[PDB]
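Down below is the structure, laid out as structure tokens.
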Amino acid sequence: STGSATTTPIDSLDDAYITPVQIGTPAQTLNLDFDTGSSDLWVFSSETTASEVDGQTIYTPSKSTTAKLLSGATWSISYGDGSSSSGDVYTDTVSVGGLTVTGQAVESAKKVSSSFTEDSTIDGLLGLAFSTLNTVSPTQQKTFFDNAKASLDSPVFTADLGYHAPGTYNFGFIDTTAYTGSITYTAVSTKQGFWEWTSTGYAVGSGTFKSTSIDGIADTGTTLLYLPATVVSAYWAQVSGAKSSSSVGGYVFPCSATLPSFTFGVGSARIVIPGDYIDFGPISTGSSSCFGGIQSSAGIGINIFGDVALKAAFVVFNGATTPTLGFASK
């Protein structure tokens, strides 16, 4: 089997992407944030504290003939940005782009943090990291991909995120029309539960390539590119007037600037992030100070190849017995 679904930016900055997901019988379609950095499929629901729901579409398990309470199971998650959610668990039928999993754990939120409430466009998350990170207790549950894997034509999914435009998540096949040149594959460590890999270096603009190992995670659920302070300083030093602002929470730059590109290495191959991808716009409405899309990972504890990086590539998440990651230009 295969599936193919379009993923759409939630706003003009590509702060996140939403993908429609069918849950239950009859189908209830919710727009979920596909997140290769976590492993829970959780939704706003009829159980979510009313004051914490503000415009989201909810899953109502009592209206699904295939929903079953997973008795005794609870979940609770906290994300790198400080947001969180928790609740109980149902199993139900879940379909993405024509690919159907029966008995998928659907984690129903009883509580969500303010960041989730305030984002009307995201109805929940669909985790695509390794199932070892799933938070359900006392019986850990599998991700949608892990459940689908054995049925797929090939045990893979791909992320093809757009810049200020829709893109695609495919399951079970590689669309050879969706990228240019060849796909370069690179080793993955699953030791921390992430799609963790080592980039071979970077360049800033038309500058020379610096060969250096950068361990990090491919994370569709993180907006920005978070790299070591040395790398980030080298990038922003090429932008007149750019500075790290403790008050704002990262590097800012004059909105009048033209940003250089940023290149990262995948083995001997190179992925080029155009400068415009690194512009996240005014820090506040009407400001001439703009927020940068490349930020320091210092104090995160891990480097994160988030959407800024991934949307410059066609990315293969290869879930074979020994997982790997593939990157192609597009």
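Here chain A follows Swiss-Prot for its numbers: 90-419, in order, are the residues you see.
We read in the header that X-ray crystallography, 1.2 Å was used to get this structure.
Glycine residues also receive a Cβ, built from the backbone N, Cα and C atoms like all the rest.
According to Swiss-Prot:
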- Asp124: active site (ACT_SITE)
- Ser288: active site (ACT_SITE)
- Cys344-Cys379: disulfide bond (DISULFID)
- 106-417: domain 'Peptidase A1' (DOMAIN)
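Here the features listed in Swiss-Prot are placed on the structure.
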residue	record	CB count, 10 Å
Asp124	active site	21
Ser288	active site	22
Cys344	disulfide bond	14
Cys379	disulfide bond	22
Taking only the recorded positions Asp124, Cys344, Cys379, which one has a CA atom nearest to the CA atom of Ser288 (active site)? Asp124
Reduced to three states, what secondary structure does DSSP give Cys379 (disulfide bond)? strand
Could you tell me the C-alpha distance between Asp124 (active site) and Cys344 (disulfide bond) in angstrom, no decimals? 30
Which state, by DSSP, holds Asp124 (active site): helix, strand or coil? strand
Which secondary structure state does DSSP assign to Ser288 (active site), in the simple three-class scheme? strand
